[PDB]
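Engineer:
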Amino acid sequence: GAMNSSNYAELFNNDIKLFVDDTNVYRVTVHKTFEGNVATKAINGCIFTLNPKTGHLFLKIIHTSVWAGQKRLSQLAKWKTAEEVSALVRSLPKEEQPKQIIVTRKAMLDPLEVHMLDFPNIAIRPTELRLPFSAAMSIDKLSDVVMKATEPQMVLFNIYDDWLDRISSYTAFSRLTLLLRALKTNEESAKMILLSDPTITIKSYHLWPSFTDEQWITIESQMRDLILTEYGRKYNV
Amino acid sequence: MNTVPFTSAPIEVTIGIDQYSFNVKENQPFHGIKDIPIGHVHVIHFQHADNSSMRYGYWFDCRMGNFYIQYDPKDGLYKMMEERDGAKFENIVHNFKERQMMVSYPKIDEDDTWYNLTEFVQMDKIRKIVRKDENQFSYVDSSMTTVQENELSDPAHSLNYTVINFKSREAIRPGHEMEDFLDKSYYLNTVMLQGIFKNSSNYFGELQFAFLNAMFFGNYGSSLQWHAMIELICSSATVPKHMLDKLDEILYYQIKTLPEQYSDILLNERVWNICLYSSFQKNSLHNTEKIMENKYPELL
Ligand SMILES: N[C@@H](CCO)c1cccc(Cl)c1
Ligand SMILES: N[C@@H](CCO)c1cccc(Cl)c1
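Residue numbers (PDB author numbering), protein chains in the order written: chain A, 1833 to 2069; chain B, 1 to 152, 170 to 317.
(1) Hey, would you say the C-beta of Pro-106 of chain B is under 6 Å away from at least one heavy atom of ligand 1?
(2) Thinking C-alpha only, which one of B:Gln-122, B:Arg-186, B:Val-140 is nearest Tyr-58 of chain B?
(3) What is the rounded straight-line gap between the Cα of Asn-1856 of chain A and the Cα of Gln-1907 of chain A?
(4) I'd like the list of long-range same chain contacts for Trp-1995 of chain A, defined as Cβ closer than 6 Å, with 5 residues on each side in sequence excluded.
(5) Which word fits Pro-1930 of chain A, buried or exposed, when buried means at least 16 other C-beta atoms lie within 10 angstroms of its C-beta?
(6) For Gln-1985 of chain A, which of helix, strand or coil comes out of DSSP?
(7) What ranges does the beta strand (DSSP E) occupy inside the segment 1927-1986 of chain A, keeping only unbroken runs of at least 3 residues that lie completely in it?
(8) Under 9 Å Cβ-Cβ, which residues of chain A neighbour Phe-198 of chain B?
(9) Does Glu-248 of chain B get closer than 7 Å to chain A when you measure Cβ to Cβ?
(10) Any chance the CB of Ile-126 of chain B is under 6 Å from a heavy atom of ligand 2?
(11) On the DSSP letters alone, give me the boundaries of the alpha helix (DSSP H) that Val-1921 of chain A sits inside.
(12) Which partner residues does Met-80 of chain B have in the DSSP bridge list?
(13) Nearest-angstrom Cα distance between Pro-257 of chain B and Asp-265 of chain B?
(14) Are the segment 24-34 of chain B and the segment 1-10 of chain B touching by the rule of at least three beta carbon pairs closer than 8 Å?
(15) Ligand 1 and residue 384 of chain B: does any heavy atom of the ligand fall closer than 6 Å to the residue's C-beta?
(16) Under 7 Å, Cβ to Cβ, is there at least one residue of chain B near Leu-1949 of chain A?
(17) Relative to the alpha-carbon of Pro-73 of chain B, which residue among B:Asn-135, B:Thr-113, B:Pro-10, B:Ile-38 has its alpha-carbon at the smallest distance?
(18) Quick one: residues in its chain with C-beta nearer than 6 Å to the C-beta of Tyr-1992 of chain A, no 5 flanking neighbours on either side, listed in chain order?
(19) Indicate whether at least one CB of chain A lies closer than 7 Å to the CB of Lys-184 of chain B.
(20) Would you check whether ligand 1 has a heavy atom nearer than 6 Å to the C-beta of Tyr-68 of chain B?
(21) In angstroms with no decimal places, state the Cα-to-Cα distance between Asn-135 of chain B and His-303 of chain B.
(22) Taking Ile-267 of chain B and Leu-205 of chain B to be in contact with their CB atoms under 8 Å, please state how far apart those CB atoms are, rounded to whole angstroms.
(23) Suppose the cutoff is 8 Å on Cβ atoms and the five residues either side in sequence are ignored; what does the same chain contact list for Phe-1965 of chain A look like?
(24) What are the start and end residues of the alpha helix (DSSP H) that includes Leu-2039 of chain A?
(25) Note the first and the last residue of the continuous alpha helix (DSSP H) segment covering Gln-211 of chain B.
(26) Just curious, the beta strand (DSSP E) that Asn-2 of chain B is in, first and last residue?
(27) Beta-carbon separation of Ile-247 of chain B and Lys-273 of chain B under 7 Å?
(28) Decide if the segment 97-108 of chain B is in contact with the segment 118-127 of chain B; the criterion is three or more beta carbon pairs, one per stretch, under 8 Å apart.
(29) State yes or no: is the C-beta of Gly-238 of chain B within less than 7 Å of the C-beta of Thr-179 of chain B?
(30) Taking the C-alpha atoms as reference points, what is the distance between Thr-2061 of chain A and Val-1978 of chain A?
(31) Identify every residue that forms a DSSP beta bridge with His-48 of chain B.
(32) Please name the residue or residues paired with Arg-2007 of chain A in a DSSP beta bridge.
(33) Whole-angstrom Cβ separation of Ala-1955 of chain A and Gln-1932 of chain A, contact assumed at under 8 Å?
(34) Return yes when the Cβ of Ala-2014 of chain A is within less than 7 Å of the Cβ of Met-1969 of chain A, no when it is not.
(35) Does the beta-carbon of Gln-148 of chain B have 16 or more other beta-carbons within 10 angstroms, so that it is buried, or is it exposed?
(36) Confirm the yes/no value for this check: CB of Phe-198 of chain B, any heavy atom of ligand 3, distance under 6 Å.
Put into structure tokens, the structure is as follows:
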């Protein structure tokens, strides 16, 4: 069934699974035309496919050329997501294929189930959680590779950096979701927090700064203040 | 005109013959039904006064044999049987007819309702859905499950309707996933019509038989199959023009005949709203949309 608060620790067991987020697959800018009408211009997107246990991220870059000459692009985007996820699974050795795929938005369920009919033993599940994966394009190195791409491309990351050397998957995922929630609620503040200290750098092969254990505690606290604050600034409390 | 004579009526029962029904009291002098129109299938069905649980009945065609009803006090139901001695059957029918112990199939000359509900239903196809090949008539009841239901437990007592599943390899061509799911023409025209049913008449036959088993027996898997076969047509962008026109007439008479107080269970809100208002064929079912809006505007 659905993934929710009550079966949360299932993400961190030894059954391979992946999250699939499609919120950045079809991205547009809306502008006025010379005639004074409105039109959209697509920009490159990405499928966000993440193993929450290992941190492995399969970032498929959706180049704008995908949409050329196509109609109903928001509906297509969900199938295109599903086509790419199924192609990924098919490309992995059997012992690496997921046993479950959890979609962040219910509208991906039918597109993915249809594309995965060849895999009856892979459960396709929704979730009741409001996960902040849409903010992945607030991670500079991810946004950069997406916007620079001149063709379809798959790029591999570990979104946990080397965190698992020191913390459990459960704690890595909780840190990730806090960072992403912060970035989604107030990107400017969030990014200020992460960089304010020029001495803490980001390794060329990492996405986030090389914080110590103690510095992560401080950072994590600062991001929770931000999220609570923006909740007051938004709701006036 | 043909006749279904009865050995007797030992238990109080509501008897139905097609869209009509009448009450027989316990041990009332009742010896069957006469003036049944030749040329159609028919169904004779039962609901005991003591246990409205289990509606049951018998699909039959008088052109295929001489059939009678005789109550079985061991199994506790009215059973259809065949009399192979034609002379003995005629004499027994003639005796009951002279003693006026039979009720008359109450058909008004101007009423084509039963024809319209059964236009494409053929006894030979019924007998393949309801497998019991030693008899020329077919037993159905409320509780019989369908083959598709059984996949999701006795196979001999199943309804072998054609399985229809929109999220199946049969329904979806590799590489046309989005195309074939959002437009089921491939699945309707190539897989089902050309492949399985062979023609639209056989398709409509099963569609009409499913509806009638849902209406007369409250057979839930039949209702599922009726809706699915409607939805497969409505969800196909490319349907022969003759099929759309006939579907509209088919469904019109089904909706017209449905008991008003059974619409809440027998009609699937989602399928009807999608079919009438969202699907490719939302403009193609004018008679059906008009009777549905005037009779069941709630459902919509
Ligand atoms: N089984 C017989 C009983 C007569 O011996 C039967 C045959 C024909 C019609 C009817 Cl009502 C019954
Ligand atoms: N309900 C009445 C007829 C009204 O149509 C009735 C009585 C006796 C036999 C049959 Cl089939 C029907």
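We put the beta carbon where it would ideally sit given N, CA and C, even for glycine.
Structural biologist: Answer, in terms of the structure:
(1) Residue numbering aside, residue 106 of chain B sits at position 106 when the second sequence is read from its first letter. Incorrect: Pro-106 of chain B has no Cβ contact closer than 6 Å to ligand 1.
(2) Here residue 58 of chain B refers to the residue found at position 58 of the second sequence. The residue with the shortest Cα to Cα distance from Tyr-58 of chain B is B:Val-140.
(3) To locate residue 1856 of chain A, count along the first sequence from 1; it is residue 24. To locate residue 1907 of chain A, count along the first sequence from 1; it is residue 75. Whole-angstrom Cα-Cα distance: 13 Å.
(4) Position 163 of the first sequence, counting from 1, holds the residue named residue 1995 of chain A. The answer, listed in chain order, is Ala-2004.
(5) Locating residue 1930 of chain A in the first sequence gives position 98, where the first residue counts as 1. Buried is the call here.
(6) Locating residue 1985 of chain A in the first sequence gives position 153, counting from the first residue. DSSP places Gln-1985 of chain A in strand when its eight states are reduced to three.
(7) 1932-1935, 1955-1957
(8) Translated into positions along the second sequence, residue 198 of chain B becomes position 181. Neighbours of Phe-198 of chain B on chain A, chain order: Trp-1911, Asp-1942, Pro-1943, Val-1946.
(9) Working through the second sequence from its first residue, we reach residue 248 of chain B at position 231. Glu-248 of chain B does not count as touching chain A.
(10) One-based indexing of the second sequence puts residue 126 of chain B at position 126. No.
(11) Your numbering for residue 1921 of chain A matches position 89 in the first sequence. Counting along the chain, the alpha helix (DSSP H) containing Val-1921 of chain A begins and ends at 1905-1923.
(12) Along the second sequence, read from residue 1 onward, the residue named residue 80 of chain B stands at position 80. Bridge partners of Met-80 of chain B: B:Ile-69.
(13) Here residue 257 of chain B is taken as the residue at index 240 of the second sequence, counted from 1. Here residue 265 of chain B is taken as the residue at index 248 of the second sequence, counted from 1. The straight-line gap from Cα to Cα measures roughly 13 Å.
(14) Result yes; three or more Cβ-Cβ pairs closer than 8 Å.
(15) This structure does not reach residue 384 of chain B, given that chain B is present from 1 up to 317, and the question cannot be answered.
(16) Numbered from 1 along the first sequence, position 117 holds the residue referred to as residue 1949 of chain A. Yes, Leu-1949 of chain A lies at the interface with chain B (some Cβ there is under 7 Å from its Cβ).
(17) As a first step, residue 73 of chain B must be located in the second sequence, where it is residue number 73. A check of alpha carbon separations from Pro-73 of chain B across B:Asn-135, B:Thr-113, B:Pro-10, B:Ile-38 identifies B:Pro-10 as the nearest.
(18) Residue mapping note: residue 1992 of chain A aligns to position 160 of the first sequence, counting from 1. Same-chain partners within the cutoff: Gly-1887, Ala-2004.
(19) As a first step, residue 184 of chain B must be located in the second sequence, where it is residue number 167. Yes, because at least one Cβ of chain A sits closer than 7 Å to the Cβ of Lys-184 of chain B.
(20) Start at 1 with the first residue of the second sequence, and residue 68 of chain B comes out as number 68. Checking every heavy atom of ligand 1 against the Cβ of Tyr-68 of chain B, one is found closer than 6 Å.
(21) Reading the second sequence from its first residue, position 135 is the one you call residue 135 of chain B. Reading the second sequence from its first residue, position 286 is the one you call residue 303 of chain B. Roughly 41 Å separates the two Cα atoms.
(22) Locating residue 267 of chain B in the second sequence gives position 250, where the first residue counts as 1. Locating residue 205 of chain B in the second sequence gives position 188, where the first residue counts as 1. Not quite, the Cβ-Cβ distance comes to about 15 Å (not below 8 Å), so this is no contact.
(23) Locating residue 1965 of chain A in the first sequence gives position 133, where the first residue counts as 1. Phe-1851, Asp-1853, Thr-1855, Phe-1880, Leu-1882, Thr-1936, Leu-2012.
(24) Walking along the first sequence from the start, residue 2039 of chain A turns up at place 207. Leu-2039 of chain A -> no alpha helix (DSSP H), and no H or E assigned at all.
(25) For the purposes of this step, residue 211 of chain B is identified with residue 194 of the second sequence, where counting begins at 1. Where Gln-211 of chain B is concerned, there is no enclosing alpha helix (DSSP H), given that its DSSP letter is neither H nor E.
(26) Start at 1 with the first residue of the second sequence, and residue 2 of chain B comes out as number 2. Taken as a continuous stretch (DSSP letters only), the beta strand (DSSP E) holding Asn-2 of chain B covers 2-5.
(27) As a working mapping, residue 247 of chain B is identified with position 230 in the second sequence. As a working mapping, residue 273 of chain B is identified with position 256 in the second sequence. Their beta carbons are not under 7 Å apart, which means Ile-247 of chain B does not touch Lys-273 of chain B by this criterion.
(28) no
(29) If you number the second sequence from 1, residue 238 of chain B lands on position 221. If you number the second sequence from 1, residue 179 of chain B lands on position 162. Contact flag unset, no.
(30) As a first step, residue 2061 of chain A is located in the first sequence; it is residue number 229 there, counting from the start. As a first step, residue 1978 of chain A is located in the first sequence; it is residue number 146 there, counting from the start. When rounded, the distance between both Cα atoms is 31 Å.
(31) Against the second sequence, residue 48 of chain B aligns to sequence position 48. Its beta-bridge partners are B:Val-13.
(32) Counting from 1 along the first sequence, the entry for residue 2007 of chain A is found at position 175. None; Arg-2007 of chain A has no bridge partner.
(33) On the first sequence, position 123 is the one that residue 1955 of chain A refers to. On the first sequence, position 100 is the one that residue 1932 of chain A refers to. That belief holds up - the Cβ atoms of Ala-1955 of chain A and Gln-1932 of chain A are roughly 5 Å apart, short of 8 Å.
(34) Position 137 of the first sequence, counted from the start, is the residue given in the question as residue 1969 of chain A. Position 182 of the first sequence, counted from the start, is the residue given in the question as residue 2014 of chain A. Contact: no.
(35) The residue you call residue 148 of chain B lines up with position 148 of the second sequence. So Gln-148 of chain B ends up on the buried side.
(36) As presented, the structure is devoid of ligand 3, carrying ligand 1 and ligand 2 as its sole ligands.
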